[PDB]
């Protein structure tokens, strides 16, 4: 499936993912495309910050869901 990743500016990123991919897998995909290191990425879906180890379906993130990306220093 494909999902979207939206930053605070509204810039949207398109990822191709399996519902089985972990949040770490997804952060690495964001890192390749965007150059943000995973430890500086906060992903947020349905008002909750996601866990590195957990997977996309653990959060019932499905095809075309939009995750929000927020920085950290």
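Positions refer to the first chain, counted from 1.
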### Query
Per the entry, where is the mean C-alpha temperature factor higher: 55 to 63 or 9 to 17?
55 to 63
## Note on the structure
Averaging the C-alpha temperature factors as deposited, the higher value of 22 to 30 versus 39 to 47 falls on 22 to 30
#### Entry: Chain third (lowest, middle, highest) by recorded CA B-factor, residue given as residue 1
highest
### Query
Based on the entry's values, in what third of the chain does the Cα temperature factor of residue 73 lie: lowest, middle or highest?
highest
